[PDB]
Structure formats: structure tokens, C-alpha cells
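Enquirer:
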Ligand code: HEM
Ligand code: HEM
Ligand SMILES: Cc1cc(N)nc(C[C@@H]2CNC[C@H]2OCCNCCc2cccc(F)c2)c1
Ligand SMILES: Cc1cc(N)nc(C[C@@H]2CNC[C@H]2OCCNCCc2cccc(F)c2)c1
Ligand SMILES: C[C@H](O)[C@H](O)[C@H]1CNc2nc(N)[nH]c(=O)c2N1
Ligand SMILES: C[C@H](O)[C@H](O)[C@H]1CNc2nc(N)[nH]c(=O)c2N1
Ligand SMILES: [Zn+2]
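Residue numbers (my numbering), protein chains in the order written: chain L, 3 to 409; chain X, 42 to 452.
1) Are the C-beta atoms of residue 294/L and some chain X residue less than 7 angstroms apart?
2) Which first and last residues belong to the alpha helix (DSSP H) in which residue 359/L is found?
3) With distances taken Cα to Cα, identify the nearest neighbour of residue 199/X among 129/X, 137/X, 420/X and 192/X.
4) What's the C-alpha gap between residue 50/X and residue 40/L?
5) Quick check on residue 207/L: buried or exposed, where buried means 16 or more other Cβ atoms within 10 Å of its Cβ?
6) Establish whether the CB of residue 81/X and some CB of chain L are separated by less than 7 angstroms.
7) When you compare the CB of residue 428/X with every CB in chain L, is at least one pair closer than 7 angstroms?
8) Is it buried or exposed, residue 115/L, if we count other Cβ atoms within 10 angstroms and call 16 or more buried?
9) Counting Cβ pairs, one atom from each stretch, are 3 or more of them under 8 angstroms apart for the stretch 272-285 of chain X and the stretch 349-363 of chain X?
10) Measure the alpha-carbon distance for residue 99/X versus residue 144/X and round it to whole angstroms.
11) Note down the Cα distance separating residue 122/L from residue 94/L, rounded to an integer number of angstroms.
12) Please find out if some non-hydrogen atom of ligand 1 comes closer than 6 angstroms to the beta-carbon of residue 285/X.
13) Between the stretch 63-91 of chain X and chain L, which residues of the former have a C-beta closer than 8 angstroms to a C-beta of the latter?
14) List, in chain order, every chain L residue whose beta-carbon is nearer than 7 angstroms to that of residue 133/X.
15) Note down the Cα distance separating residue 335/X from residue 341/X, rounded to an integer number of angstroms.
16) Determine, for residue 71/L, whether the minimum Cβ-Cβ distance to residues of chain X falls below 7 angstroms.
17) If you reduce the DSSP assignment to three classes, tell me which class residue 278/L lands in.
18) Label residue 196/X either buried or exposed according to how many other C-beta atoms from any shown protein chain fall within 10 Å of its C-beta, with 16 as the threshold for buried.
19) Taking the straight line between their C-alpha atoms, what separation do you get for residue 5/L and residue 355/L?
20) Starting from the C-beta of residue 325/X, find all residues in its chain whose C-beta is less than 7 angstroms away, skip the five residues before and the five after it, and write them out in chain order.
21) Give a yes or no on whether the C-beta atoms belonging to residue 364/X and residue 333/X are separated by under 7 angstroms.
22) State the Cα-Cα distance for the pair residue 372/L and residue 65/X, rounded to the nearest angstrom.
23) Quick check: does the Cβ of residue 216/X come within less than 6 angstroms of any heavy atom belonging to ligand 4?
24) Return the first residue and the last residue of the alpha helix (DSSP H) that residue 99/X is part of.
25) Could you pull out every residue in the same chain whose Cβ sits closer than 8 angstroms to the Cβ of residue 282/L, ignoring the five residues on either side in sequence?
26) Taking C-alpha atoms, which residue in 437/X, 268/X, 67/X and 191/X lies nearest to residue 313/X?
27) So does residue 37/L have its beta carbon nearer than 6 angstroms to some heavy atom of ligand 7?
28) Check the C-beta distance from residue 202/X over to residue 216/X and give it rounded, since I have them as a contact under 8 angstroms.
29) Which residues, taken in chain order from the stretch 343-370 of chain L, show a beta carbon closer than 7 angstroms to some beta carbon of chain X?
30) Taking 6 angstroms as the cut-off, does the CB of residue 410/X come closer than this to any heavy atom belonging to ligand 1?
31) Any chance the CB of residue 30/L is under 6 angstroms from a heavy atom of ligand 7?
32) Going residue by residue through the stretch 112-153 of chain L, where are the continuous beta strand (DSSP E) segments of at least 3 residues, counting only ones entirely within it?
33) Out of 94/X, 123/X, 124/X and 127/X, state which residue places its alpha-carbon closest to the alpha-carbon of residue 111/X.
34) Can you list every residue whose CB sits closer than 7 angstroms to some heavy atom of ligand 3, going in chain order?
35) Considering only C-alpha positions, which residue in the set 113/L, 390/L and 153/L is nearest to residue 28/L?
36) Whole angstroms is fine: what's the gap from residue 345/X's alpha carbon to residue 366/X's?
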């Protein structure tokens, strides 16, 4: 029941007791490991509420206190008639921060307690949503000195009155299929970009066209909105040594802001809850630029470096991937926009795991996601055993709204 | 039940039904995943069932499931079990067994080659000296002047667990490590403890950065004895870089034959505690892990110095930058000496082909993503984008405790 993790580089051994307060299911059985799978009512809504308040009140050292009990009964009452309930602000803030704290795929959690939570539960329209979003973007960007935040729209009711942001991120680049079969911009968003044009977006059909936001309030048809360009901090990508780097025409946005997840607190479901932090250099440099079905610029970059592309074994893909990633970090630093490299982010997460083990008794962690997609073994998380388990409050994936919605 | 895995790069979905033919637990539960944990005397009662399963498998693969020869083999094994409390695998069975252990090794990216594996039956061996001879002939055959060939050598199975054959080395060829007074290590820091044991056992250590350790061999439960592999049998490659001439001045070399010798081979209930096997290296094994792990030779710093890198700030990717050059240098030296080696791009691509084919013809390929994904440049290799299912099939290679921890000394 007590479980140990070992780091094979330092011989450090931590004892996990947090996973016994674990509640959702991992997808694994005693017979099969699914660690590398991307995605493995009144009766129900109450015990969830009770478990959440138990954990809240214990955190502010008023476990078993009268305020605790009184809140419990007050929630049970709203439930026994309304079929749902409302979080207090303090609960909402605590629940958000913990959903981040329990995000087993997030390497950036050392920062979990400094989250800014904008309570948008008084929202009622897509224009409302647009205004909350712009405000969130502007606060988070903070002229390049980024700050974590999450904006929380009204919780689910009957599930036909959901609030949803259809973009998978607040800020992402257009994808256009072409009459030769190739792609322009970002192929990950090709479908979304069609959905935007087929709702009436006039697309400039260029390589780095910031997508329009597309927002659904209270079950309604969703609606388009251009984020004010002066709110989208973008970084032109250049290299410290390679003067030529600049003319590949690359740039990237400063604000990563995940917008398609569902926030679950005490059995309540916040289907629209965009959140934002700041980039680790590899997300842009390795994945965004070099993933085969993304910008796929390796072929081109190594060309400029005059390396030997005649064999996989000259490691030309690898040499170029490094320079690209040196370039992304250099651009963001030079431009005073927050970015962290994969060495420093992983070191921090080691320090954070260590903290969470002594303060909480563990830290759910998903090794497949925490190990950066380059230079794995030269970062210390590589040598670190991690236990993956699902704690609540939490962020969960949810179907792309366009499969679900009813017009 | 059927389970699907998606490759997120090419959108290929595959369907695993093979995980159903799978008895051993994983370490995971419905409530916790231990996918990244390194490590999460059998009786009559248990033995027959395991023999049966195995022989059912064997006879299926030769399309003789149900045949007189099948029924009579079962009955001969059952008989032999009741009479002797163990049993003897036929040669054909042992070969099939070893091949299937490898094919089932979910942490091995090299499995495309599983059916081509040379099996040496050393079940007649009785002494350490007989082991030294077997192993020498394994090394010579497998090395094959740089054109490496897969091989495994199998010594007598465990009996009462008191008469074990063991190769105390973790690999048949590995460099000494020496902890000095000042805290630093000369040679490979991974082999310090084993090195100490060798010296204790009477090995005179040359005390250089690349001393090939002696074989330390235990037969029939006996105390192990020391043997120097003939050095003309130990093929080595001095490491240089195609463009950096100072690289050779680092003084690096490596042996060409990766040969694991601490694992246990389980076939139809039988445990072969000594079964060293060898193939050939993936470049990153030497260049990433052996040279660049902080707990190994750790040349990252020395190489970065020599490159005039900006080492004052990690965000310069000076570690990433040297890592690649070292891996370039390892592939280049092996290829130039005509010693078989494979880069991670080609190994991973090969593995994806193997795994697809395995789903086609077998209904699955157990695979451990944590281990299949190479330790540099993960997402530019196609395994990174591949969902994998991991589970335990037998025949299998299992871990066993280090024998110095379990061995009963006779004097
Ligand atoms: C402060 C800087 C942060 C960094 C550097 C960071 C880093 C990351 C990375 C690298 C991933 C894996 C994504 C990928 O490679 O596709 C990730 C996943 C995730 N992170 Fe963070 N994080 C940060 C802040 C946040 C915040 C503020 C939240 C929420 C409040 C969050 C919640 C999550 C969640 C729920 C996932 C998994 C969802 C997915 O599949 O994308 N992180 N994080
Ligand atoms: C043909 C060339 C081969 C290559 C390139 C290869 C590659 C690898 C690599 C890279 C690993 C992970 C070890 C690490 O990086 O620490 C591994 C694991 C393994 N492979 Fe292979 N392999 C080859 C041949 C073989 C053979 C002949 C066998 C047995 C017949 C085998 C069975 C195994 C086993 C049992 C493991 C687990 C090792 C451990 O857990 O430490 N492979 N393979
Ligand atoms: C808040 C925050 C900060 C930060 N630095 N980083 C993040 C990760 C974003 C979230 N989500 C992907 C990452 O951005 C990378 C974009 N690639 C998409 C990966 C993908 C494709 C298809 C299916 C999937 F399940 C996942 C969030
Ligand atoms: C036959 C063959 C060919 C090849 N290319 N590569 C190999 C991998 C060897 C096996 N064994 C690891 C690799 O050699 C590296 C040694 N590291 C030991 C890994 C380890 C450490 C602590 C706990 C564990 F559970 C496991 C075999
Ligand atoms: C197949 C595998 O699950 C998939 O490629 C995962 C692996 N690790 C990842 N890790 C991060 N950080 N982000 C990802 O998108 C992925 N993809
Ligand atoms: C903690 C973690 O499981 C451990 O460091 C693993 C990760 N992946 C690995 N992968 C390979 N090929 N070889 C290894 O030794 C390891 N080590
Ligand atoms: Zn698992």
C-alpha cells in the first residue's frame, strides 16, 4: 500500500502514500499497462461534493469543525432540491489550483499555487465570453512577463446548455489544405480552420494566421471573434549564430492557453475553463515545428546548415533539431517573453516532486508526458520513477464540441 | 476483448487480441500505473500446467496441435515431472523457447530480428571452465570480425535452486570501474561493485579507463571462478568524429558486442539462470547512456569544453549540442571499422514495421514505450507517436537478483 519511487541517477527514494486517496481509474489492469495510451445526477453528485469539501476544509485546518459541517449540510440541501450546487469563491479557487496540482502530465506544476482564477460564472453570452477571454489573454501575457491564469465559465447543468470554447487553444495558427495536396500553416488545426471558414471567417490564407475564437454560450450556436492583434504577443524566431535563420519566416505566439478541457470540482463540471501558463521551449521547437504532421521544418533547416542528409546515421535530423530549439529559446529571451528550457523545467519538476512527497505524501506523474521529446536521458526526470494515478479535482479531456453539439 | 492502439502521426489503428493469451501481472492496477517503475524453487503442482501451456504453444507453431506426437510429448513430460520433479526440453523446444522469449521482450526495440537467433545449447556444461569455453565460442561466433550475429548460450536449468549456473557479469564484455580515494571514478562507474568483487576474487586490475573485466562464472551452485576473455576475441572500436579531429584525443573506445548475461530465461516453467545473449548496438546506447549519463563516463562537460560551447546557461542547449556530436562520433567509428551498429532512427522505424507485422500475424506485440523510445530525439523517431500495450507473455526473459546478494559461499 505504501509505494516507493527511486531515481536511478541520484539514488533518492520517496515513499508514496497519496495514491491511496486516489479516485478515478487509470486504464491499466493487473494484466496490461496502458501508460502510453493518449486517451484510455442527485444520487451521484453528493458524495463527490462531500469528498471535495472534506479535502477543502482539511486544507484550511477546519476539518471536523462547525463551519465544515454547516457547509456540508447547506450543500446537501441545495442538492436535494436543485439537482446541483454552487461553489463558494474560496472553493472555486482552491479547486482550480488543485486541478493543476493533480495534472499528472504537467511538468510545470511547481507553480501550481500561484494561479490567477477569474471567476466568469456570471457570464451568459458568447460576447460575454469574448470579453472574459480578451481580459484573460491580456492579464496572462502581461507585456511578455507571463502569469498563469484560468477563466471559469458556468458549470454544466443539463448538458444541452454547455459553455464551450471550440478552439483547442485560445491562440493557434490556421491550417489550409491545398490543390496540390500539401498543407499551409498548421495541419493540426486544418479541420478547425474549415469549421471557421464554414461559419464565415474570411481567412487570409497565410502561414501564421491567428485563428478566430469560436465560442458557444449556453448551448447555443457558437460565434466568431477576432482576438485583437495587439493582444497576441508573437515572437519572430531567429538564431544567435546563424544570421540566415531569420529568413525561414518563422514566428510563434507567446501565450499557450489550453481551452478544450473540462475542469471537475466536487462533481461539478466546468466545460469551458481556458487556462494558460507559459511555454517550455521544446513544445514549439520540437513538436510544433518538427512533428511530421505539424510544421515539419527539419528537412528545410538541415538544408541551410549544409549537413549530410544522405543517411539517417549522420544524425542530421538531430543536429538541426538542436539549433531550432536553441533559436526558439534565444528569440523568446532576447524579446523578454517568459520561456523555460527543458533542462530547467525538468530540474524544477524534480524539486517539485520532492516537495510534494514531503508535504503531501506524493505526486501523480506521467513519465511518458513529463520526459521532454528531446534529450530525454540528459534531463533528470528521465531517471526518475513516477507513479501515475488520477486525483480529483482535475482536468479531463472532453469530446471536440463539433461531434457533440446540436445546431 | 480487443484493444486498439493509434499511431498519432500516420493515424494507423491496430487491434491487439494477443494480450488475452497473457498470464503474468504487470505491477499496475486500475488505480495506479507503474509503467515507469524499472522493477515493479518451483513444485510439481505448478510445473505441469506451465509445461502444457508451453507445449501447446510449441505444437501450434509447428501446426501439430492435437497430433499423436503432441499428446505423447505431453504424456512423456507429465511422466518425467512426476518421476524426476522437473523435465528436459528437446532441442527444437529450447530453440523455439529462446526465440519466443526474445520476441516477447517488450522492452527490446531490436525484435525485428527475433527469428534469426543462433541458439547454443550448453546444457551438457558441468564446470566454470566448461562455461568459459562455451562463452568464448559465443563471443567469437557473435563478433564474426565485426559483422555481428544474434546469439544466445543456454546453460543447465535450475534444479532445487541450490545448484544454479550463473554468469556473475551483467554483460560478457564491460569495462572496470574503480572508486578512488578522492571520490572520483576511473573507468565505468556502473561496474565499481562488480569490479571490487573481481579484485577480491583475485583479479589483478590494470586500473585503466577501459579495462575489460574478467568473466566470473558459477557452475552447479559452486563458488564462481575468474577468467580473462582472450583479448583477440574482444573486438573494440576507438571513437573518433568525422569533422572534429580533437575528438580522438579524448581517448574513448567501446567494445562492439552487447551481450547481456544477468537475465533468467523462463521456458515452460523451467528457469535457465545463465543464458547470455548478444546482438549489436543501437548507437544511442553507447553515445547517450554509456558516455553521457551523469552516473557513467559523463563526457558531456569535457566535450562541450572542447567545442567552445557557451556552458554558462543551460538554455544554450550546450548539453544537447554535444550530445549529438558524441553520437555522431560513435556511429561514424563503428561504420568505418565495419562493425555492425544501428542508429536510433533506423532501429525505431524498423521496430514500427515489426510491430505492425506482429499485430497482423500474431494479434499483438507487447511493447514498453518508456523503454522503446530512444533517450535522445524521442519525438523525431516514429515510436514516440505510437501507442503501445505492454503485457507479459511466456517464454520470457526475467530479472534476477545479483548473485552476490543471494549466493551461499562454500570456501
Ligand atoms: C507555467 C508554465 C507551464 C508549463 C511549462 C507547463 C507544461 C506542460 C507540458 C509540457 C505539458 C504536456 C503538453 C504537450 O507536450 O502536449 C502540459 C500538460 C498539461 N498541463 Fe501544464 N504547464 C504550465 C502551466 C499549466 C497551467 C497553468 C495549467 C492549468 C491550470 C496546466 C495544466 C496542464 C494539463 C491539464 C495538461 C495535460 C493536458 C494536455 O494533454 O495538453 N499547466 N503542461
Ligand atoms: C539485434 C540487435 C538488438 C538491439 C539493437 C537491441 C536493442 C535493445 C535496447 C536498446 C534495449 C534497452 C536496453 C537499454 O537501452 O538499456 C533492449 C532491451 C532488451 N532486449 Fe534487445 N536488442 C537486440 C538484440 C536482442 C537479443 C538477441 C535479445 C535476446 C535474445 C534481446 C532481448 C532484450 C531483453 C531481454 C531486453 C531488456 C533489457 C533490460 O531490461 O535491461 N535483444 N534491446
Ligand atoms: C497551460 C499550458 C502551458 C504550457 N506550457 N503547455 C501546455 C500544453 C499544450 C496543451 N495541449 C498541447 C500543448 O500544446 C502543444 C500542441 N500539440 C497538441 C498535442 C495533442 C494533439 C492531439 C491530441 C492530444 F491529446 C494532444 C499548456
Ligand atoms: C542483446 C542486446 C543488444 C543490445 N543492443 N542492447 C542490449 C541491452 C542491454 C541489456 N541491459 C541493459 C543494456 O545495457 C545497459 C546496462 N543497464 C542496465 C539496465 C537496468 C539497470 C537497473 C535496473 C534495471 F532493471 C535495468 C542487449
Ligand atoms: C503515443 C504517445 O502516448 C504519445 O505520442 C504521447 C507521448 N508523450 C507525449 N508527451 C507530451 N509531453 N506531449 C505529447 O503530445 C505526447 N504524446
Ligand atoms: C525511471 C525509468 O523507468 C528508467 O530511467 C528507464 C526509462 N527508460 C529506459 N529506457 C532504456 N532503453 N533503458 C533504460 O535503462 C531506461 N531507464
Ligand atoms: Zn500502467
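Cβ atoms here follow ideal geometry from the backbone N, Cα and C, with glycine treated the same way.
Expert: Once the coordinates are examined:
1) Counting from one through the first chain, the residue named residue 294/L turns up at place 292. Residue 294/L counts as touching chain X.
2) Residue 359/L sits at position 357 when you count from the first residue of the first chain. That run of the alpha helix (DSSP H) goes 344-361.
3) If you number the second chain from 1, residue 199/X lands on position 158. Minimum Cα distance to residue 199/X is reached at 129/X.
4) Translated into the one-based positions of the second chain, residue 50/X becomes position 9. Translated into the one-based positions of the first chain, residue 40/L becomes position 38. Cα to Cα, the separation comes out at about 13 angstroms.
5) Here residue 207/L refers to the residue found at position 205 when the first chain is read from its first residue. Result: exposed.
6) Sequence index remark: in the second chain, residue 81/X carries index 40 (1-based). Not closer than 7 angstroms to any Cβ of chain L, the Cβ of residue 81/X fails to qualify, so no.
7) Along the second chain, read from residue 1 onward, the residue named residue 428/X stands at position 387. At least one chain L Cβ lies under 7 angstroms of residue 428/X.
8) The residue you call residue 115/L lines up with position 113 of the first chain. Classification of residue 115/L: exposed, given that the 10 Å Cβ count is below 16.
9) Cβ pair count under 8 angstroms is below three, so no.
10) If you number the second chain from 1, residue 99/X lands on position 58. If you number the second chain from 1, residue 144/X lands on position 103. Approximately 14 angstroms, taken between the alpha carbons.
11) Walking along the first chain from the start, residue 122/L turns up at place 120. Walking along the first chain from the start, residue 94/L turns up at place 92. Answer to the nearest angstrom: the Cα atoms are 11 angstroms apart.
12) Working through the second chain from its first residue, we reach residue 285/X at position 244. No, the beta carbon of residue 285/X sits no closer than 6 angstroms to any heavy atom of ligand 1.
13) 63, 66, 67, 68, 69, 70, 71, 72, 73, 74, 75, 76, 77, 78 and 79
14) In the second chain, residue 133/X corresponds to position 92, counting from 1. Near residue 133/X there are no residues of chain L at all, since even the closest Cβ is about 30 angstroms away, more than 7 angstroms.
15) Within the second chain, residue 335/X is the residue found at index 294, counting from 1. Within the second chain, residue 341/X is the residue found at index 300, counting from 1. Roughly 9 angstroms between the two C-alpha positions.
16) For this step, residue 71/L is matched to residue 69 along the first chain. Taking Cβ atoms only, chain X never reaches closer than 7 angstroms to residue 71/L, which makes this a no.
17) In the first chain, residue 278/L corresponds to position 276, counting from 1. Correct three-state label for residue 278/L: strand.
18) As a working mapping, residue 196/X is identified with position 155 in the second chain. Within 10 angstroms of the beta-carbon of residue 196/X lie 16 or more other beta-carbons, which makes it buried.
19) Here residue 5/L refers to the residue found at position 3 when the first chain is read from its first residue. Here residue 355/L refers to the residue found at position 353 when the first chain is read from its first residue. Cα to Cα, the separation comes out at about 14 angstroms.
20) Here the question's residue 325/X lines up with position 284 in the second chain. Cβ neighbours of residue 325/X beyond the five flanking positions: 368, 385, 415, 416 and 417.
21) Taking the first residue of the second chain as 1, we reach residue 364/X at position 323. Taking the first residue of the second chain as 1, we reach residue 333/X at position 292. Yes, they are a contact pair.
22) Taking the first residue of the first chain as position 1, residue 372/L is located at position 370. Taking the first residue of the second chain as position 1, residue 65/X is located at position 24. Approximately 28 angstroms, taken between the alpha carbons.
23) Counting from one through the second chain, the residue named residue 216/X turns up at place 175. Incorrect: residue 216/X has no Cβ contact closer than 6 angstroms to ligand 4.
24) In the second chain, the residue the question calls residue 99/X occupies position 58. 85-102 is the span of the alpha helix (DSSP H), which, as asked, contains residue 99/X.
25) On the first chain, position 280 is the one that residue 282/L refers to. Cβ neighbours of residue 282/L beyond the five flanking positions: 109, 110, 341, 342, 343, 344, 347 and 374.
26) Residue mapping note: residue 313/X aligns to position 272 of the second chain, counting from 1. It is 437/X.
27) For the purposes of this step, residue 37/L is taken as residue 35 along the first chain, with counting starting at 1. It does: the Cβ of residue 37/L is within 6 angstroms (strictly closer) of some heavy atom of ligand 7.
28) Locating residue 202/X in the second chain gives position 161, counting from the first residue. Locating residue 216/X in the second chain gives position 175, counting from the first residue. About 32 angstroms separates the two Cβ atoms, so there is no contact after all.
29) Within the stretch 343-370 of chain L, the residues whose Cβ lies closer than 7 angstroms to any Cβ of chain X are, in chain order, 343, 345, 346, 369 and 370.
30) Position 369 of the second chain holds residue 410/X. Not so, every heavy atom of ligand 1 lies at least 6 angstroms from the Cβ.
31) The residue you call residue 30/L lines up with position 28 of the first chain. It does: the Cβ of residue 30/L is within 6 angstroms (strictly closer) of some heavy atom of ligand 7.
32) 118-121
33) Along the second chain, one-based indexing puts residue 111/X at 70. Nearest C-alpha to residue 111/X: 94/X.
34) 40/L, 41/L, 110/L, 171/L, 190/L, 258/L, 259/L, 260/L, 277/L, 278/L, 279/L, 280/L, 281/L, 282/L, 285/L, 289/L, 290/L, 399/L and 49/X
35) Residue 28/L sits at position 26 when you count from the first residue of the first chain. For residue 28/L, the nearest C-alpha among the options comes from 390/L.
36) Taking the first residue of the second chain as position 1, residue 345/X is located at position 304. Taking the first residue of the second chain as position 1, residue 366/X is located at position 325. Rounded to whole angstroms, the gap between the alpha carbons of residue 345/X and residue 366/X is 10 angstroms.
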